[PDB]
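> experimental structure and sequence below, a few questions after.
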Amino acid sequence: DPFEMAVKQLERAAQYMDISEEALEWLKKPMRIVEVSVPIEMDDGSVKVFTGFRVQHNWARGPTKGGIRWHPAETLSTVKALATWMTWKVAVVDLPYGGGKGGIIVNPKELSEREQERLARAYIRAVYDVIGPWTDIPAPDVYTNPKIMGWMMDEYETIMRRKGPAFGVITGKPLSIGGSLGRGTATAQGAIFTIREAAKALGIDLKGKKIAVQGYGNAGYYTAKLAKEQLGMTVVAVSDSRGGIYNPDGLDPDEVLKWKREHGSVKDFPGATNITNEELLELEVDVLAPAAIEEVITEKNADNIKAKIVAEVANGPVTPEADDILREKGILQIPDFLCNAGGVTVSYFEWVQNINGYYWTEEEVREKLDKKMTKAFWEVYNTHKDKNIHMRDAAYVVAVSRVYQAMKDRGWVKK
């Protein structure tokens, strides 16, 4: 059970900090869960009803934030756990946000464009009473895209009768309608900033060093590319689901992406030796950035990791036992929800731009993301050094401490 795992993680985090029992009990339960029926008209004329969710875990720090998932395997427990996880994600980077999450149990591959638009509009019509620019701001997620986000924003604006900033009700919108610059490279840019801060903390100069990226999707490719130009590092290995490649002299991320786009995979790249993901994770490098399927570092390969810095771009790619093993080896790990917090930070920036009615440029968005990521990483690392605990635990302590302080300030909990 996902919610049980989230609650267990929260209890483990509370073990390393001084938090009252009533606050822990408050945080173990989402503050509002909304389950609604989503009726749409199919192209054949029949009416189908889908199950939609909108979980608002906590809003002590501000309006809740979280994406909407369109997956056939969606469950209320998964949405609750992801909302609980969104709370700490926005808390670690000091955003004025709470935790939220949505989801519809639907297979979008079986739905046409008109049916998808009807589904988005009906979901907005169903959850309008619990969402808003200052109440709950949805976002893109798995199997959802900026097109659906724009449809949802249009439906919300139609229902609201344009009485306020309807652009700010939802993030990830297209640039033509309340969109924000720098959204495509948000996660990779945040990961690069955290990697640079980690190198500064460890005293390593990344100029001319080596990086290996596990996973070559959007985040992985942009991370490798970002690193290559901004950090000056040498990309020596990238991998895909089919396989991976290695080159001591370095790989060009643009050429690798073009070859992957042409042939469907990064395998058989010219001048590169084809390798499997398992030895790619074990390469002698300085930075390792798993940006693919989670749980890639376990008991089998934990002892064989030779990277100095492990930037968990993906969602929890390292098991807690592997976490302890790598910590014993002196390898610094950037926590998963801290390394990839650039996306939510850029969504917050988009919300600020929509609320204010004034839109920034690429440079400003990139200067603000730099400040936010640097401050969050340094706070987490200072907690690491002071409490002599695992980085992951330090980030959890920071997030839970911020949420607990916000709850105490409102008077929700008296201890």
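The structure has been received and is ready for your questions. Residues are numbered from 1 along each chain as shown.

> what's the longest strand in this protein?
The residue-count maximum for a strand in the chain (DSSP state E) belongs to strand 47-58.

> what pairs with that strand, parallel or antiparallel?
Sheet pairing for strand 47-58, assigned by DSSP bridges, gives strand 32-41 (antiparallel), strand 98-105 (antiparallel).

> most packed of those strands?
Highest mean neighbour count among the strands paired with strand 47-58 (mean count of other C-beta atoms under 10 Å): strand 98-105, with a mean of 27. For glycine as for every other residue, the C-beta is placed from the backbone atoms N, C-alpha and C.

> sorry, back to before: got the buried residues for the longest strand of the chain?
Neighbour-count burial for strand 47-58 flags 50, 52, 53, 54, 55, 56, 57, 58 (criterion: 16 or more other C-beta atoms under 10 Å).

> ok, now which ones touch the fifth one?
Pointing back at residue 55 there. 30, 32, 33, 34, 66, 76, 79, 80, 83, 100, 101, 102 (C-beta atoms under 8 Å, 6 or more residues apart in numbering).

> what about it, distance to residue 341?
Going from residue 55 to residue 341 by C-beta to C-beta, to the nearest Å gives 20 Å.

> what of the last one?
According to C-beta to C-beta, residue 58 stands 17 Å off from residue 341.

> swap in the second one?
In this view, residue 52 and residue 341 are 27 Å apart by C-beta to C-beta.

> how about the strands in the stretch 201-350 of the chain?
210-214, 234-239, 244-246, 273-275, 287-290, 309-311, 332-334 (DSSP state E, counting those that start in this stretch).

> packing partners for the last one?
Helices and strands in packing contact with strand 332-334 are listed as helix 186-202, strand 309-311, helix 320-328, helix 391-410; criterion 3 or more C-beta pairs under 8 Å, 6 or more residues apart in numbering; DSSP states H and E.

> contact partners of that strand?
Here strand 332-334 makes contact (C-beta under 8 Å, 6+ apart) with 191, 194-195, 198, 201-202, 308-312, 318, 323, 326-327, 377, 390-392.

> pull up the pairing partners for that strand, direction included.
Short version: by DSSP bridges, strand 332-334 pairs with strand 309-311 (parallel).

> the longest one now?
Here the strand partners of strand 234-239, with direction, are listed using DSSP bridges: strand 210-214 (parallel), strand 244-246 (antiparallel).

> with adjacent residues omitted, what lies nearest to residue 156?
Distance criterion C-beta to C-beta, 6 or more residues apart in numbering; nearest residue to residue 156, sequence neighbours excluded, is residue 169 at 4.8 Å.

> make sure that neighbour is actually in contact with residue 131.
Yes: the criterion here is C-beta atoms under 8 Å, and residue 169 meets it with residue 131 at 6.4 Å.

> ok, back up a step: just the contacts of residue 55 now: which is nearest residue 359?
Distance to residue 359 across the contacts of residue 55 (C-beta to C-beta) is lowest for residue 66, with 23.2 Å.

> point out the most buried one among the strands of the stretch 201-350 of the chain.
Mean neighbours per residue, mean count of other C-beta under 10 Å, is largest over the strands of the stretch 201-350 of the chain for strand 287-290, with a mean of 29.

> could you say what helices and strands that one packs with?
helix 186-202, strand 210-214, helix 218-226, strand 309-311.

> those: which one's closest to residue 9?
strand 309-311 (19.0 Å).

> what's next to the closest one, contact-wise?
191, 194-195, 198-199, 202, 204, 223, 286-290, 297, 318, 326, 331-334, 339.

> kindly report the same for stretch 338-346.
Under the contact criterion C-beta under 8 Å, 6+ apart, stretch 338-346 has outside partners 65, 86, 89-90, 92-93, 95, 97, 139, 180, 182-183, 186-191, 193-194, 219, 311-315, 365, 369, 372-373, 376-377, 380, 395.

> PyMOL command for the buried members of those residues?
Listed next is the PyMOL selection for buried residues among the contacts of stretch 338-346, using 16+ other C-beta under 10 Å:
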select buried, resi 65+86+89+90+92+93+95+97+139+180+182+183+186+187+188+189+190+191+193+194+219+311+312+313+314+365+369+372+373+376+377+380+395
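
> can you point me to the longest helix in this structure?
Using DSSP state H to define each element, the chain has its longest helix at helix 362-387.

> what helices or strands is that one leaning on?
Helices and strands touching helix 362-387, by 3+ C-beta pairs under 8 Å, 6+ apart, are helix 186-202, helix 336-339, helix 342-356, helix 391-410.

> repeat that with 10 Å
helix 76-92, helix 186-202, strand 332-334, helix 336-339, helix 342-356, helix 391-410 (3 or more C-beta pairs under 10 Å, 6 or more residues apart in numbering; DSSP states H and E).

> that one: how far from the chain's middle?
Relative to its parent chain, helix 362-387 has a centroid offset of 16 Å by C-alpha atoms, centre = their mean, to the nearest Å.

> now stretch 49-63
That offset, for stretch 49-63, works out to 17 Å (C-alpha atoms, centre = their mean).

> so can I have CSV of the strands paired with strand 47-58 showing distance to residue 241?
What follows is the strands paired with strand 47-58, written out as CSV (distance: least, C-beta to C-beta, whole Å):
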stretch, distance to residue 241
strand 32-41, 32
strand 98-105, 25
